[PDB]
């Protein structure tokens, strides 16, 4: 009856909702519009860090990157204060995940190199994890701003969940690099009102949020039950019916997550 509960939420919040929870050895996949495209928004920043970690030695995290006031387009709670000093790759990774720093993300994209300011390379990285669906075509802040129907800068709940699974629970990264990504997501500052709000306090939650125009609000997480059983949870939403200025609804994500938690209990 989960489809019905998700549908009621869509009516309640005047929203479109997408949900995917991969199957486990003891549970069935949970899916709702899981194969419909939704804008990444900032959720791309998690696998972006993985991509950076993957293609370089650990010693790369200590490389100092320099930039200018011109460089920091979009929200950048961190980068604005380190213009003079620069920031290391590691510091950029930290900022990109835990504070969703757009300038940091753009710099990491640049570090991947290649056409589209790194977007092609990032997309290439996703392909290496078997994700043929997602694509990143623009940087911050434009990537949050594509019109409904545009395939650019989109993923699906299904696709992004399977990526996150490999990164955190699987062997996409070696243990040392895996721990770094896990730890940054664990100490995320931006997700308190979303999936975290839907899971009881005794469940551990690590996540990366995404927010955008057309009422776009996303969150991707790995959770662990009170007895340590992990699940991957991807929840995505937008409100295209309200046009560009439509307000994102955090509560929709928290409520959907609650529905999920009830099934996983």
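Note that the rigid core is defined as the largest set of C-alphas that superpose within 1.5 Å between two forms. Positions refer to the first chain, counted from 1.
> Taking C-alpha RMS after core alignment, which stretch differs more from the shown form in 5 other deposited structures of this protein: 68-76, or 93-101?
The more displaced stretch in 5 other deposited structures of this protein turns out to be 68-76.
> Look up the CA B-factors in the entry and say which stretch, 191-199 or 165-173, has the higher mean.
Taking the mean C-alpha B-factor of 165-173 and of 191-199, the larger value falls to 165-173.
> Out of 254-262 and 3-11, which stretch has the higher average CA B-factor listed in the record?
Between 254-262 and 3-11, it is 3-11.
> Looking at 216, 208, 37, 63, which has the biggest Cα B factor in the entry?
Highest C-alpha B-factor among the listed options: 63.
> Which of these, 131, 101, 139, 183, has its C-alpha atom at the highest B-factor, as the entry lists it?
If I rank 131, 101, 139, 183 by C-alpha B-factor, first place goes to 139.
> Can you tell me whether residue 49 has a C-alpha B-factor in the lowest, middle or highest third compared with the other modelled residues of the same chain?
Middle third.
> Comparing against every modelled residue in the chain, figure out the third that the C-alpha B-factor of residue 135 lands in (lowest, middle or highest).
Middle third - that is where residue 135 ends up once the chain's C-alpha B-factors are sorted.
> Looking at the temperature factor on the CA atom of residue 67, which third of the chain's modelled residues does it land in?
Highest third of the chain for residue 67's C-alpha B-factor.
> Going by the entry, which third of its chain does the Cα temperature factor of residue 248 land in?
Within its chain, residue 248 is a middle-third residue by C-alpha B-factor, going by the deposited values.
> Could you tell me which third, lowest, middle or highest, the C-alpha B-factor of residue 230 occupies within its chain?
CA B-factor rank for residue 230: lowest third.
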